[PDB]
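Before any questions on how it binds or moves, here is one chain, the form deposited in one PDB entry, in structure tokens.
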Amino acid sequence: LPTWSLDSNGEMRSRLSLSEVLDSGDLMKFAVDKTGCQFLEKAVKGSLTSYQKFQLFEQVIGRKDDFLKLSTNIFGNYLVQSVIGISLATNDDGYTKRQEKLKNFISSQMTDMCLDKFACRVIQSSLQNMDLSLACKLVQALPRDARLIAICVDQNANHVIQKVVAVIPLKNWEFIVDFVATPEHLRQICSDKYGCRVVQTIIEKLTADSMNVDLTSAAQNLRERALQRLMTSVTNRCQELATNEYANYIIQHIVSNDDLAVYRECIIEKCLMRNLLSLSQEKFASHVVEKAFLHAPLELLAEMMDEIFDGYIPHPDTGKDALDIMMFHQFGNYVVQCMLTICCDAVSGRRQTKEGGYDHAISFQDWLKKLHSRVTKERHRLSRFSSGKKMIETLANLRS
């Protein structure tokens, strides 16, 4: 801090005025100092005269180098955001030029700012607060090459993409959907901790749910086509994604969401059916298998149940079957518990059994009897395990 602003204690004077700082030419020293920026931040929330605003506009968001220096600063980024807000609230003759400047500064350094822990906050608040037509121009400044992957998997920058998805119409960011849907990009992004969150947010925004009822029918058509293109790519890589440590959450999201029912069915047919025994023994995919049981339409659920009960040839020596393997497997046991709970819910009326012009209660009763008979026969071994005690208790509670 400039000496003029310090007391005899070597500490920022109290009773300092905003205008003194603005007049001094020393704002940049205050804005990058914890105490100095705290003062500016409080000062700019109060009444400001036209000239005070003018000075703040010039000094904080008026020149490219200083704008970038504050935007990328741990303290300064807050002041930048405050001054952008004041700029947008001040409809004098300078309004247009100030916002165009801000758009040019950010666009010209878009990737660098998105990747920065602090400047990415400036980007997000600009996207949601600036006039929409100018915010759309920021989106246009996003890179279209390998840097876009870098942004999508970055701990900071992924939040910029999620903000774009939230507050900008789809036509402006449709290019991101197609970028992410490219096979090699999908693989990289979905297999990343942050990238997987970005893809789920995109899918959510492309879903025709109660949150999108305000779209025009033309916008719904745009959305439906983008969703269909993304789902095609996800479905093409379903097996790889379902078994992955992060992308399994995406596959689960799709399978679990009734508003994605047509895609849920594709996924189940494409990579789960005929692979249930194998996938139920996988750490990540076993959760996908549970979601499929829980949400499959009746005709597919029947195929799934039939696969577990009768889809596999028992061991040639021991006679162990798929149910035997799954009941005692470290991951498979949860899938069998899920099957049992579904059947108990159906027969007790906690789950609707009518669908497809028929009451399928008879099917659930059949599957339940098979599970009950197995659990009865194998009660001694099952009672050795928490999972087995749980199934025994589940069946006991049903009788009650």
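From 1 onward, residues are counted along the sequence shown.
Separately, the form solved in complex with a partner chain exists; it is not shown, and the next lines address it.
> With the partner chain left out here, work out from 254-262, 224-232, 107-115, 276-284 which stretch has heavy atoms within 4.5 Å of it in the deposited complex.
Heavy atoms within 4.5 Å of the partner chain in the deposited complex occur in 276-284.
> Only one of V165, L298, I325, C136 has a non-hydrogen atom within 4.5 angstroms of the partner chain in the deposited complex; which is it?
Here the answer is residue option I325.
> Could you work out which of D321, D154, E204, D192 is the residue within 4.5 angstroms of the partner chain in the deposited complex, going by heavy atoms?
Of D321, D154, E204, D192, the residue with a heavy atom within 4.5 Å of the partner chain in the deposited complex is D321.
> With a cut-off of 4.5 Å between heavy atoms, is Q330 one of the residues that contacts the partner chain in the deposited complex?
Answer yes; at least one heavy atom of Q330 falls within 4.5 Å of the partner chain in the deposited complex.
> Just to confirm, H315 within 4.5 Å of the partner chain in the deposited complex by heavy atoms?
Yes.
> With the cut-off set at 4.5 Å between non-hydrogen atoms, does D310 touch the partner chain in the deposited complex?
Heavy-atom contact with the partner chain at 4.5 Å: present for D310.
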